[PDB]
Amino acid sequence: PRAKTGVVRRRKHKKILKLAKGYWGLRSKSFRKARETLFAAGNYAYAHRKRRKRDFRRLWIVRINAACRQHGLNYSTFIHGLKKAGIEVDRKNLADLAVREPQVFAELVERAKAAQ
Amino acid sequence: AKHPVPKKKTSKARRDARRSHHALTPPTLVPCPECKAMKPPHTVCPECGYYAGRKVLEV
Amino acid sequence: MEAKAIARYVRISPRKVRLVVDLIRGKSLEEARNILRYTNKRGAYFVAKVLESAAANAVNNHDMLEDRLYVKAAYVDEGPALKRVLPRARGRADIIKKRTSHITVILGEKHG
Amino acid sequence: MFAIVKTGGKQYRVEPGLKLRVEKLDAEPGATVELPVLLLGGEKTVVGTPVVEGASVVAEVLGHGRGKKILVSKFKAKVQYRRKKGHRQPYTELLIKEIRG
Amino acid sequence: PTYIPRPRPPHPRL
Amino acid sequence: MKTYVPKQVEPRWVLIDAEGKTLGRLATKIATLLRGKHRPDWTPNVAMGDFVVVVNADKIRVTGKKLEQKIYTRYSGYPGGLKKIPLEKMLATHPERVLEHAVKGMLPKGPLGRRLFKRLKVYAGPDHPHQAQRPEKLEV
Amino acid sequence: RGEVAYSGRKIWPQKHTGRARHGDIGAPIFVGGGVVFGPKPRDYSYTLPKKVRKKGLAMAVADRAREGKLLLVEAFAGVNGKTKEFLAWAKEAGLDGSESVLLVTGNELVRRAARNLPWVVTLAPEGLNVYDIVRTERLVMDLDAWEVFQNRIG
RNA sequence: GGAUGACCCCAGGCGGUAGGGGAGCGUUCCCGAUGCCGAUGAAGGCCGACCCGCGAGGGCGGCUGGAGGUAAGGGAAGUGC
RNA sequence: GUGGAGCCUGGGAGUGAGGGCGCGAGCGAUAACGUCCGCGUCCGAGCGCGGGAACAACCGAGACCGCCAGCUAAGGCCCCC
RNA sequence: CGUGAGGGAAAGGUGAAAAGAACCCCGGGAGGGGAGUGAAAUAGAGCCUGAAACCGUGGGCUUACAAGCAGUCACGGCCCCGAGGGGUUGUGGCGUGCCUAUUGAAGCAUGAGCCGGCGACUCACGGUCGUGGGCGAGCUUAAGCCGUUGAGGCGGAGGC
Ligand SMILES: [Mg+2]
Ligand SMILES: [Mg+2]
Ligand SMILES: [Mg+2]
Ligand SMILES: [Mg+2]
Ligand SMILES: [Mg+2]
Ligand SMILES: [Mg+2]
Ligand SMILES: [Mg+2]
Ligand SMILES: [Mg+2]
Ligand SMILES: [Mg+2]
Ligand SMILES: [Mg+2]
Ligand SMILES: [Mg+2]
Ligand SMILES: [Mg+2]
Ligand SMILES: [Mg+2]
Ligand SMILES: [Mg+2]
Ligand SMILES: [Mg+2]
Ligand SMILES: [Mg+2]
Ligand SMILES: [Mg+2]
Ligand SMILES: [Mg+2]
Ligand SMILES: [Mg+2]
Ligand SMILES: [Mg+2]
Ligand SMILES: [Mg+2]
Ligand SMILES: [Mg+2]
Ligand SMILES: [Mg+2]
Ligand SMILES: [Mg+2]
Ligand SMILES: [Mg+2]
Ligand SMILES: [Mg+2]
Ligand SMILES: [Mg+2]
Ligand SMILES: [Mg+2]
Ligand SMILES: [Mg+2]
Ligand SMILES: [Mg+2]
Ligand SMILES: [Mg+2]
Ligand SMILES: [Mg+2]
Ligand SMILES: [Mg+2]
Ligand SMILES: [Mg+2]
Ligand SMILES: [Mg+2]
Ligand SMILES: [Mg+2]
Ligand SMILES: [Mg+2]
Ligand SMILES: [Mg+2]
Ligand SMILES: [Mg+2]
Ligand SMILES: [Mg+2]
Ligand SMILES: [Mg+2]
Ligand SMILES: [Mg+2]
Ligand SMILES: [Mg+2]
Ligand SMILES: [Mg+2]
Ligand SMILES: [Mg+2]
Ligand SMILES: [Mg+2]
Ligand SMILES: [Mg+2]
Ligand SMILES: [Mg+2]
Ligand SMILES: [Mg+2]
Ligand SMILES: [Mg+2]
Ligand SMILES: [Mg+2]
Ligand SMILES: [Mg+2]
Ligand SMILES: [Mg+2]
Ligand SMILES: [Mg+2]
Ligand SMILES: [Mg+2]
Ligand SMILES: [Mg+2]
Ligand SMILES: [Mg+2]
Ligand SMILES: [Mg+2]
Ligand SMILES: [Mg+2]
Ligand SMILES: [Mg+2]
Ligand SMILES: [Mg+2]
Ligand SMILES: [Mg+2]
Ligand SMILES: [Mg+2]
Ligand SMILES: [Mg+2]
Ligand SMILES: [Mg+2]
Ligand SMILES: [Mg+2]
Ligand SMILES: [Mg+2]
Ligand SMILES: [Mg+2]
Ligand SMILES: [Mg+2]
Ligand SMILES: [Mg+2]
Ligand SMILES: [Mg+2]
Ligand SMILES: [Mg+2]
Ligand SMILES: [Mg+2]
Ligand SMILES: [Mg+2]
Ligand SMILES: [Mg+2]
Ligand SMILES: [Mg+2]
Ligand SMILES: [Mg+2]
Ligand SMILES: [Mg+2]
Ligand SMILES: [Mg+2]
Ligand SMILES: [Mg+2]
Ligand SMILES: [Mg+2]
Ligand SMILES: [Mg+2]
Ligand SMILES: [Mg+2]
Ligand SMILES: [Mg+2]
Ligand SMILES: [Mg+2]
Ligand SMILES: [Mg+2]
Ligand SMILES: [Mg+2]
Ligand SMILES: [Mg+2]
Ligand SMILES: [Mg+2]
Ligand SMILES: [Mg+2]
Ligand SMILES: [Mg+2]
Ligand SMILES: [Mg+2]
Ligand SMILES: [Mg+2]
Ligand SMILES: [Mg+2]
Ligand SMILES: [Mg+2]
Ligand SMILES: [Mg+2]
Ligand SMILES: [Mg+2]
Ligand SMILES: [Mg+2]
Ligand SMILES: [Mg+2]
Ligand SMILES: [Mg+2]
Ligand SMILES: [Mg+2]
Ligand SMILES: [Mg+2]
Ligand SMILES: [Mg+2]
Ligand SMILES: [Mg+2]
Ligand SMILES: [Mg+2]
Ligand SMILES: [Mg+2]
Ligand SMILES: [Mg+2]
Ligand SMILES: [Mg+2]
Ligand SMILES: [Mg+2]
Ligand SMILES: [Mg+2]
Ligand SMILES: [Mg+2]
Ligand SMILES: [Mg+2]
Ligand SMILES: [Mg+2]
Ligand SMILES: [Mg+2]
Ligand SMILES: [Mg+2]
Ligand SMILES: [Mg+2]
Ligand SMILES: [Mg+2]
Ligand SMILES: [Mg+2]
Ligand SMILES: [Mg+2]
Ligand SMILES: [Mg+2]
Ligand SMILES: [Mg+2]
Ligand SMILES: [Mg+2]
Ligand SMILES: [Mg+2]
Ligand SMILES: [Mg+2]
Ligand SMILES: [Mg+2]
Ligand SMILES: [Mg+2]
Ligand SMILES: [Mg+2]
Ligand SMILES: [Mg+2]
Ligand SMILES: [Mg+2]
Ligand SMILES: [Mg+2]
Ligand SMILES: [Mg+2]
Ligand SMILES: [Mg+2]
Ligand SMILES: [Mg+2]
Ligand SMILES: [Mg+2]
Ligand SMILES: [Mg+2]
Ligand SMILES: [Mg+2]
Ligand SMILES: [Mg+2]
Ligand SMILES: [Mg+2]
Ligand SMILES: [Mg+2]
Ligand SMILES: [Mg+2]
Ligand SMILES: [Mg+2]
Ligand SMILES: [Mg+2]
Ligand SMILES: [Mg+2]
Ligand SMILES: [Mg+2]
Ligand SMILES: [Mg+2]
Ligand SMILES: [Mg+2]
Ligand SMILES: [Mg+2]
Ligand SMILES: [Mg+2]
Ligand SMILES: [Mg+2]
Ligand SMILES: [Mg+2]
Ligand SMILES: [Mg+2]
Ligand SMILES: [Mg+2]
Ligand SMILES: [Mg+2]
Ligand SMILES: [Mg+2]
Ligand SMILES: [Mg+2]
Ligand SMILES: [Mg+2]
Ligand SMILES: [Mg+2]
Ligand SMILES: [Mg+2]
Ligand SMILES: [Mg+2]
Ligand SMILES: [Zn+2]
């Protein structure tokens, strides 16, 4: 018996092009240029997921620093302060505290200085 | 010469962008004082054959 | 209500008729006529035919009034191309594409 | 009146009423679990070092789900290396009932 | 494929 | 919980007296004010920093022999179009450009980095025209 | 590509045409060219060990008997060639056409009767085969055809 | 652990070219089939932000289409660009 | 010393253009991103990740998947960062 | 096409039935718009289904101080669907196409305009391991012959 291509290749090509919606020029119309685009698209997603974890922790650290210097110490002093104090509130929360509950952040500064 | 050639195919964006100057100016038209039909200024009116307020040719 | 006409298989290059059609889209049937009569373009003659045909359709078939007609929609599609041989030097044959057009004009009624 | 609780190796600020998704707890739906408190705030400040002794946060387990599907794709050029993996992170939905202290 | 136009001779790079 | 992203706040104008300050160690601080990195709600993708007015830029100070030896360059894009202008000259002609140039090179490159530079008003001499904004004098 | 109708002429020169190189248009890279590893007439048969065919035959009948679906009949009473005569007999022996029957008998007349029933495969004892015993639900044999079956698995 | 994949627990391994090995998906065709799905809509097409699967894929729903299609379990290859 | 250790029989291979570096030599000129051996390493196949402005083989370190959590490595903590 | 020997294509499908669109309107015609036939007319003869590249009309978001393998991650705005989702992308982060050949390529080394379809590890007989079964000091038949008409059996020559 003969098994001609028939229906198979079109369906595989359509799977790519649907994932490729939004791309520029042929990168969303040509199956070849979509597939190439997605190779890079998939590796960027893997890499930037790892990087997002670093991106946000950077933002928190910068935000913690500015709230810290208002009370006259720098991030590196505050963080070593909380280490001796036993305080384990993390940077994602220290930053939301720094912005939303400054009265609570201010006490954390005092525990940091006092515990040196 | 050494037969110059295009190096890449021109994208639909660059092609149509070159045509951004290709639209037609609609013809300049004014009403004829005698028959009120619209026609280009400074020509004998092809509908009534009037120019400068007088008959000038048969139509 | 809308009246449409379609001139299929006009032997003219789609890109060329479009220039003339772009002059009249959204214009009223009266301005569209004067504009077409003094357009210095082969494509003017074909558009005018389709325009007057669509206007006849409006009045005659669809109970619309001539005084209130405007060109609500118009567009030129590409039809099957006539392929012809153009001889060049050194024994080579080039294929001229004598392109073809499907001209469409849709008139509506500009009430008020 | 909020509490900073720790569950699933991560830290969250929570208030009575707040719906929150965390890592998968081993706990039947509609059950109740207590969360460890690291800081209390609002009408009074209590700073765990690290955990506040008396405190806890009472949570209702609405359900257990699987998140939207992330496509984990890998590509090494000029080496015919290609990997497609579909991932869904299992989670647990909680309703913050009250903040004991 | 009617007539095969022979290609120009290269520049002598000797 | 998602990280807090502030809504648009009206910016605070500040005023620095550069008389006697070291060019580079001041530019650092103006840069940071312009990025707004003194604010606990700092956000990297929006212009949310301060407006920074500087006076007495003519009286900026520099160490070593930099007055004679520091060279600013502009390349015109024409052959031989490299111009070299030394510090002495640049103070004697467009003194505000000394501090302008130093900070601009301590700002990000790109669309947002360029907007931040727009929010810096350096003047030679002790006066500035922004009295309408009532700037808040700073000590740095 | 050797059995195809085209000529063996190289279609254009090997070099300097600016085109890919080819030989004749019979090559399987061309539309209308030959087929690279297409079928050719094959003999799919093979000699299965006789003892495998004797054990299988016995075993197929054994399966039916262990189900209580094997039924030996001494003879077919009214069946003289007519289909209505076999149905009549069928109902008497409990065969009501809700089960596939393999009627195994050397009676030329009885096989004519039961030929056309969509629920009866008809067969002579010499043709007893396991594929037909297994594709049917019940088995029915002469005492004459059963004697013949006993020979073959001896 | 229980009793020989029935699932649970604990621990460890899991970058990868040439290449070895293992498990699967889908295509055409045969048995299953004198059956079963089918104009209250076959195959094919076009959408889907839904369901299952690590994936290849499979469902289901809407539109289009207008007459075929074919299960569990197996069999054979002109089987995937 | 229980390790993707070892040994034996057998099925399937691919490879038989290497390259940088450290050290020991020859050749070279106590030249070469030079050449030819030895010991080791990495790239090859880790053009995946951090650092080194950028950069296969230098320093850090062997990426099963997810996390808007924590500790470090080399290198860093005036601003770009 | 070739002087010639010779080479050598492309091109199938309305509908159950022509009922294959009288007649009227614009038009030189072509083509269309009504009317009519049909279950269906984007089945209208350039006719089943009608994919993709490719061209166009309309709508939503967006873009004229901006540095780019075109994506990805984050936030914000606008539009849509109705503690959420879809579309778009302004700013910020990161980021050297695919294949091939190579010690080493984004590589200024090869190939590819783009899309659809054709397109490359097979068959036969022998061998050598492995494996699922049958039989076991034994195992097995070939050509034929009888039967069947998708029925199987006989045949011991011969081979190991
Ligand atoms: Mg194929
Ligand atoms: Mg697409
Ligand atoms: Mg887009
Ligand atoms: Mg995009
Ligand atoms: Mg596009
Ligand atoms: Mg597109
Ligand atoms: Mg397209
Ligand atoms: Mg990828
Ligand atoms: Mg990740
Ligand atoms: Mg800071
Ligand atoms: Mg520490
Ligand atoms: Mg800590
Ligand atoms: Mg607030
Ligand atoms: Mg020349
Ligand atoms: Mg010349
Ligand atoms: Mg030329
Ligand atoms: Mg161009
Ligand atoms: Mg184009
Ligand atoms: Mg366009
Ligand atoms: Mg485009
Ligand atoms: Mg251009
Ligand atoms: Mg032009
Ligand atoms: Mg234009
Ligand atoms: Mg004109
Ligand atoms: Mg009229
Ligand atoms: Mg000529
Ligand atoms: Mg010519
Ligand atoms: Mg000639
Ligand atoms: Mg052309
Ligand atoms: Mg052409
Ligand atoms: Mg054409
Ligand atoms: Mg989660
Ligand atoms: Mg991925
Ligand atoms: Mg690689
Ligand atoms: Mg590549
Ligand atoms: Mg790469
Ligand atoms: Mg590759
Ligand atoms: Mg390589
Ligand atoms: Mg690859
Ligand atoms: Mg590849
Ligand atoms: Mg996977
Ligand atoms: Mg200073
Ligand atoms: Mg900012
Ligand atoms: Mg000096
Ligand atoms: Mg031949
Ligand atoms: Mg032949
Ligand atoms: Mg012949
Ligand atoms: Mg011939
Ligand atoms: Mg020949
Ligand atoms: Mg020949
Ligand atoms: Mg050649
Ligand atoms: Mg060649
Ligand atoms: Mg070429
Ligand atoms: Mg070619
Ligand atoms: Mg070519
Ligand atoms: Mg070509
Ligand atoms: Mg070719
Ligand atoms: Mg050739
Ligand atoms: Mg060829
Ligand atoms: Mg050939
Ligand atoms: Mg040959
Ligand atoms: Mg041939
Ligand atoms: Mg053929
Ligand atoms: Mg072959
Ligand atoms: Mg065989
Ligand atoms: Mg029958
Ligand atoms: Mg029958
Ligand atoms: Mg039957
Ligand atoms: Mg594990
Ligand atoms: Mg293992
Ligand atoms: Mg590992
Ligand atoms: Mg592996
Ligand atoms: Mg399969
Ligand atoms: Mg079977
Ligand atoms: Mg059948
Ligand atoms: Mg039915
Ligand atoms: Mg019906
Ligand atoms: Mg339907
Ligand atoms: Mg099918
Ligand atoms: Mg089929
Ligand atoms: Mg599907
Ligand atoms: Mg369908
Ligand atoms: Mg039929
Ligand atoms: Mg089947
Ligand atoms: Mg099956
Ligand atoms: Mg076959
Ligand atoms: Mg093939
Ligand atoms: Mg090993
Ligand atoms: Mg080993
Ligand atoms: Mg071996
Ligand atoms: Mg093997
Ligand atoms: Mg093998
Ligand atoms: Mg080799
Ligand atoms: Mg050797
Ligand atoms: Mg050799
Ligand atoms: Mg060698
Ligand atoms: Mg060597
Ligand atoms: Mg060597
Ligand atoms: Mg090197
Ligand atoms: Mg060396
Ligand atoms: Mg040393
Ligand atoms: Mg030596
Ligand atoms: Mg060397
Ligand atoms: Mg050396
Ligand atoms: Mg080495
Ligand atoms: Mg290699
Ligand atoms: Mg490495
Ligand atoms: Mg290694
Ligand atoms: Mg690398
Ligand atoms: Mg590189
Ligand atoms: Mg590196
Ligand atoms: Mg680097
Ligand atoms: Mg490097
Ligand atoms: Mg590396
Ligand atoms: Mg630390
Ligand atoms: Mg260190
Ligand atoms: Mg900093
Ligand atoms: Mg001739
Ligand atoms: Mg002739
Ligand atoms: Mg033909
Ligand atoms: Mg027909
Ligand atoms: Mg017909
Ligand atoms: Mg019918
Ligand atoms: Mg007929
Ligand atoms: Mg007339
Ligand atoms: Mg007509
Ligand atoms: Mg018309
Ligand atoms: Mg008509
Ligand atoms: Mg119907
Ligand atoms: Mg349709
Ligand atoms: Mg139809
Ligand atoms: Mg039909
Ligand atoms: Mg059609
Ligand atoms: Mg069509
Ligand atoms: Mg548009
Ligand atoms: Mg500017
Ligand atoms: Mg702008
Ligand atoms: Mg962000
Ligand atoms: Mg949204
Ligand atoms: Mg968005
Ligand atoms: Mg970006
Ligand atoms: Mg590829
Ligand atoms: Mg090569
Ligand atoms: Mg080479
Ligand atoms: Mg490049
Ligand atoms: Mg290039
Ligand atoms: Mg070259
Ligand atoms: Mg290239
Ligand atoms: Mg080569
Ligand atoms: Mg190549
Ligand atoms: Mg080329
Ligand atoms: Mg294309
Ligand atoms: Mg293709
Ligand atoms: Mg093989
Ligand atoms: Mg074959
Ligand atoms: Mg074998
Ligand atoms: Mg065997
Ligand atoms: Mg046997
Ligand atoms: Mg025997
Ligand atoms: Zn007049």
# chains A, B, ... in the order shown; residues from 1 in each chain; ligands from 1
call {"tool": "select_by_dssp", "arguments": {"residues": "region 85-137 of chain F", "states": "helix (DSSP H, G or I)", "output": "PyMOL selection string"}}
result
chain F and resi 87-91+96-104+111-118+130-133
call {"tool": "residues_near_ligand", "arguments": {"ligand": "ligand 83", "cutoff": "12 Å", "atoms": "only C-alpha atoms (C1' of nucleotides) and all ligand atoms", "output": "VMD selection string"}}
result
chain H and resid 38 42 67 to 69
call {"tool": "write_last_selection", "arguments": {"atoms": "N, CA and C atoms (P, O5', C5', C4', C3', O3' and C1' of nucleotides)", "output": "PDB file, in the first residue's frame"}}
result
ATOM      1  P     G H  38     -24.757   7.485  14.736  1.00  0.00           P
ATOM      2  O5'   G H  38     -24.387   7.949  13.263  1.00  0.00           O
ATOM      3  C5'   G H  38     -23.773   9.205  13.043  1.00  0.00           C
ATOM      4  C4'   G H  38     -23.652   9.510  11.577  1.00  0.00           C
ATOM      5  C3'   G H  38     -24.939   9.488  10.778  1.00  0.00           C
ATOM      6  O3'   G H  38     -25.721  10.660  10.972  1.00  0.00           O
ATOM      7  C1'   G H  38     -23.244   8.372   9.580  1.00  0.00           C
ATOM      8  P     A H  42     -20.390  14.489  10.492  1.00  0.00           P
ATOM      9  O5'   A H  42     -19.610  13.310   9.770  1.00  0.00           O
ATOM     10  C5'   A H  42     -19.919  11.946  10.012  1.00  0.00           C
ATOM     11  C4'   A H  42     -19.052  11.056   9.156  1.00  0.00           C
ATOM     12  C3'   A H  42     -17.669  11.616   8.834  1.00  0.00           C
ATOM     13  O3'   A H  42     -16.720  11.366   9.852  1.00  0.00           O
ATOM     14  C1'   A H  42     -18.700  10.929   6.839  1.00  0.00           C
ATOM     15  P     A H  67     -21.609  14.338  -1.724  1.00  0.00           P
ATOM     16  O5'   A H  67     -21.093  12.924  -1.209  1.00  0.00           O
ATOM     17  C5'   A H  67     -19.725  12.698  -0.893  1.00  0.00           C
ATOM     18  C4'   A H  67     -19.549  11.425  -0.105  1.00  0.00           C
ATOM     19  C3'   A H  67     -20.514  10.298  -0.448  1.00  0.00           C
ATOM     20  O3'   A H  67     -19.865   9.058  -0.201  1.00  0.00           O
ATOM     21  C1'   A H  67     -20.800  10.909   1.804  1.00  0.00           C
ATOM     22  P     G H  68     -19.010   8.350  -1.356  1.00  0.00           P
ATOM     23  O5'   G H  68     -17.537   8.282  -0.762  1.00  0.00           O
ATOM     24  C5'   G H  68     -17.226   7.433   0.333  1.00  0.00           C
ATOM     25  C4'   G H  68     -17.052   8.210   1.614  1.00  0.00           C
ATOM     26  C3'   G H  68     -16.309   7.485   2.726  1.00  0.00           C
ATOM     27  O3'   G H  68     -14.900   7.564   2.578  1.00  0.00           O
ATOM     28  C1'   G H  68     -18.289   8.442   3.603  1.00  0.00           C
ATOM     29  P     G H  69     -13.939   6.353   3.052  1.00  0.00           P
ATOM     30  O5'   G H  69     -13.998   6.389   4.633  1.00  0.00           O
ATOM     31  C5'   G H  69     -13.504   7.515   5.328  1.00  0.00           C
ATOM     32  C4'   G H  69     -13.942   7.508   6.766  1.00  0.00           C
ATOM     33  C3'   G H  69     -13.438   6.349   7.604  1.00  0.00           C
ATOM     34  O3'   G H  69     -12.113   6.550   8.061  1.00  0.00           O
ATOM     35  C1'   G H  69     -15.747   6.634   7.971  1.00  0.00           C
TER      36        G H  69
END
call {"tool": "residues_near_ligand", "arguments": {"ligand": "ligand 69", "cutoff": "10 Å", "atoms": "only C-alpha atoms (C1' of nucleotides) and all ligand atoms", "output": "ChimeraX atom specification"}}
result
/H:11-14 /I:64
call {"tool": "residues_around", "arguments": {"residues": "residue 53 (chain H)", "least_positions_apart": "3", "cutoff": "12 Å", "atoms": "only C-alpha atoms (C1' of nucleotides)", "output": "PDB file with N, CA, C and O atoms (P, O5', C5', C4', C3', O3' and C1' of nucleotides), in the first residue's frame"}}
result
ATOM      1  N   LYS D  85       9.011  20.124  26.448  1.00  0.00           N
ATOM      2  CA  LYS D  85       8.504  19.632  27.716  1.00  0.00           C
ATOM      3  C   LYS D  85       7.387  20.558  28.170  1.00  0.00           C
ATOM      4  O   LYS D  85       7.559  21.779  28.185  1.00  0.00           O
ATOM      5  N   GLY D  86       6.237  19.971  28.500  1.00  0.00           N
ATOM      6  CA  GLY D  86       5.104  20.713  28.998  1.00  0.00           C
ATOM      7  C   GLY D  86       4.986  20.580  30.502  1.00  0.00           C
ATOM      8  O   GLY D  86       4.830  19.478  31.030  1.00  0.00           O
ATOM      9  N   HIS D  87       5.060  21.712  31.190  1.00  0.00           N
ATOM     10  CA  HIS D  87       5.106  21.733  32.640  1.00  0.00           C
ATOM     11  C   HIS D  87       3.914  22.484  33.209  1.00  0.00           C
ATOM     12  O   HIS D  87       3.526  23.534  32.687  1.00  0.00           O
TER      13      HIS D  87
ATOM     14  P     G H  24       5.641   0.573  24.667  1.00  0.00           P
ATOM     15  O5'   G H  24       4.936   1.987  24.534  1.00  0.00           O
ATOM     16  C5'   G H  24       4.592   2.490  23.259  1.00  0.00           C
ATOM     17  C4'   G H  24       4.531   3.992  23.261  1.00  0.00           C
ATOM     18  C3'   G H  24       3.749   4.613  22.115  1.00  0.00           C
ATOM     19  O3'   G H  24       2.359   4.658  22.389  1.00  0.00           O
ATOM     20  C1'   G H  24       5.848   5.690  22.321  1.00  0.00           C
ATOM     21  P     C H  25       1.275   4.443  21.222  1.00  0.00           P
ATOM     22  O5'   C H  25       1.365   5.791  20.369  1.00  0.00           O
ATOM     23  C5'   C H  25       1.023   7.029  20.967  1.00  0.00           C
ATOM     24  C4'   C H  25       1.303   8.209  20.073  1.00  0.00           C
ATOM     25  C3'   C H  25       0.683   8.196  18.687  1.00  0.00           C
ATOM     26  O3'   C H  25      -0.689   8.549  18.702  1.00  0.00           O
ATOM     27  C1'   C H  25       2.931   8.924  18.553  1.00  0.00           C
ATOM     28  P     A H  56       3.554  17.795  21.256  1.00  0.00           P
ATOM     29  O5'   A H  56       3.785  16.761  20.083  1.00  0.00           O
ATOM     30  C5'   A H  56       5.028  16.694  19.422  1.00  0.00           C
ATOM     31  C4'   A H  56       5.131  15.390  18.700  1.00  0.00           C
ATOM     32  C3'   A H  56       3.843  14.952  18.027  1.00  0.00           C
ATOM     33  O3'   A H  56       3.683  15.558  16.760  1.00  0.00           O
ATOM     34  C1'   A H  56       4.778  13.149  19.257  1.00  0.00           C
ATOM     35  P     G H  57       2.259  16.098  16.267  1.00  0.00           P
ATOM     36  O5'   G H  57       1.428  14.761  16.060  1.00  0.00           O
ATOM     37  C5'   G H  57       0.039  14.709  16.321  1.00  0.00           C
ATOM     38  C4'   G H  57      -0.252  13.643  17.340  1.00  0.00           C
ATOM     39  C3'   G H  57      -1.707  13.470  17.758  1.00  0.00           C
ATOM     40  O3'   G H  57      -2.446  12.651  16.869  1.00  0.00           O
ATOM     41  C1'   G H  57      -0.379  13.660  19.672  1.00  0.00           C
ATOM     42  P     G H  58      -3.911  13.094  16.381  1.00  0.00           P
ATOM     43  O5'   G H  58      -4.847  12.604  17.557  1.00  0.00           O
ATOM     44  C5'   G H  58      -4.622  11.355  18.177  1.00  0.00           C
ATOM     45  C4'   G H  58      -5.352  11.290  19.486  1.00  0.00           C
ATOM     46  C3'   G H  58      -6.790  11.784  19.466  1.00  0.00           C
ATOM     47  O3'   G H  58      -7.707  10.858  18.912  1.00  0.00           O
ATOM     48  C1'   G H  58      -5.681  12.670  21.347  1.00  0.00           C
ATOM     49  P     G H  59      -9.148  11.368  18.417  1.00  0.00           P
ATOM     50  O5'   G H  59      -9.930  11.554  19.783  1.00  0.00           O
ATOM     51  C5'   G H  59     -10.978  12.496  19.897  1.00  0.00           C
ATOM     52  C4'   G H  59     -11.207  12.867  21.333  1.00  0.00           C
ATOM     53  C3'   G H  59     -12.330  13.851  21.575  1.00  0.00           C
ATOM     54  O3'   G H  59     -13.582  13.203  21.625  1.00  0.00           O
ATOM     55  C1'   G H  59     -10.405  14.554  22.743  1.00  0.00           C
TER      56        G H  59
END
call {"tool": "select_by_dssp", "arguments": {"residues": "chain G", "states": "strand (DSSP E or B)", "output": "ChimeraX atom specification"}}
result
/G:70-73,101-104,120-123,138-142
call {"tool": "interface_residues", "arguments": {"of": "chain H", "to": "chain G", "cutoff": "10 Å", "atoms": "only C-alpha atoms (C1' of nucleotides)", "output": "list in words"}}
result
residues 31, 32, 34, 77 and 78 of chain H
call {"tool": "closest_atom_pairs", "arguments": {"of": "chain G", "to": "chain J", "cutoff": "7 Å", "atoms": "only C-alpha atoms (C1' of nucleotides)", "output": "CSV"}}
result
residue,atom,partner,partner_atom,distance
G:29,CA,J:119,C1',5.6
G:31,CA,J:118,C1',5.5
G:37,CA,J:122,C1',5.1
G:51,CA,J:134,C1',6.6
G:52,CA,J:134,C1',5.6
G:126,CA,J:152,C1',6.4
G:127,CA,J:151,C1',3.7
G:128,CA,J:151,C1',6.3
G:129,CA,J:151,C1',6.5
call {"tool": "write_last_selection", "arguments": {"atoms": "N, CA, C and O atoms", "output": "short mmCIF file (atom, residue, chain, number, x, y, z; two decimals), in the first residue's frame"}}
result
data_model
loop_
_atom_site.label_atom_id
_atom_site.label_comp_id
_atom_site.auth_asym_id
_atom_site.auth_seq_id
_atom_site.Cartn_x
_atom_site.Cartn_y
_atom_site.Cartn_z
N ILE G 29 14.26 11.53 -8.06
CA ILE G 29 14.16 12.90 -7.54
C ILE G 29 13.21 13.75 -8.36
O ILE G 29 12.85 14.84 -7.91
N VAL G 31 9.56 14.54 -10.46
CA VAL G 31 8.15 14.19 -10.57
C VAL G 31 7.95 13.36 -11.82
O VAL G 31 8.51 13.68 -12.88
N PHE G 37 12.07 2.53 -3.46
CA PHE G 37 12.01 1.19 -2.88
C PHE G 37 10.57 0.71 -2.81
O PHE G 37 10.10 0.18 -1.81
N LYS G 51 3.53 -29.84 12.86
CA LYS G 51 3.09 -30.03 14.24
C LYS G 51 2.56 -28.74 14.84
O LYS G 51 1.76 -28.79 15.78
N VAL G 52 2.98 -27.58 14.33
CA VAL G 52 2.35 -26.37 14.83
C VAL G 52 0.94 -26.26 14.28
O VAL G 52 0.03 -25.77 14.97
N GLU G 126 -12.28 -31.73 5.59
CA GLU G 126 -10.91 -31.60 5.09
C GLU G 126 -10.40 -30.17 5.18
O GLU G 126 -9.18 -29.96 5.20
N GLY G 127 -11.30 -29.19 5.23
CA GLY G 127 -10.97 -27.79 5.32
C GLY G 127 -10.96 -27.20 6.71
O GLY G 127 -10.80 -25.98 6.85
N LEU G 128 -11.12 -28.01 7.75
CA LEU G 128 -11.10 -27.50 9.11
C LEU G 128 -9.80 -26.74 9.37
O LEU G 128 -8.71 -27.28 9.20
N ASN G 129 -9.93 -25.47 9.77
CA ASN G 129 -8.78 -24.60 9.97
C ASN G 129 -9.03 -23.75 11.20
O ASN G 129 -10.17 -23.47 11.55
#
call {"tool": "residues_near_ligand", "arguments": {"ligand": "ligand 135", "cutoff": "9 Å", "atoms": "only C-alpha atoms (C1' of nucleotides) and all ligand atoms", "output": "list in words"}}
result
residues 56, 57, 58 and 59 of chain J
call {"tool": "residues_near_ligand", "arguments": {"ligand": "ligand 106", "cutoff": "8 Å", "atoms": "only C-alpha atoms (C1' of nucleotides) and all ligand atoms", "output": "PyMOL selection string"}}
result
(chain H and resi 17-18) or (chain I and resi 44) or (chain J and resi 102)
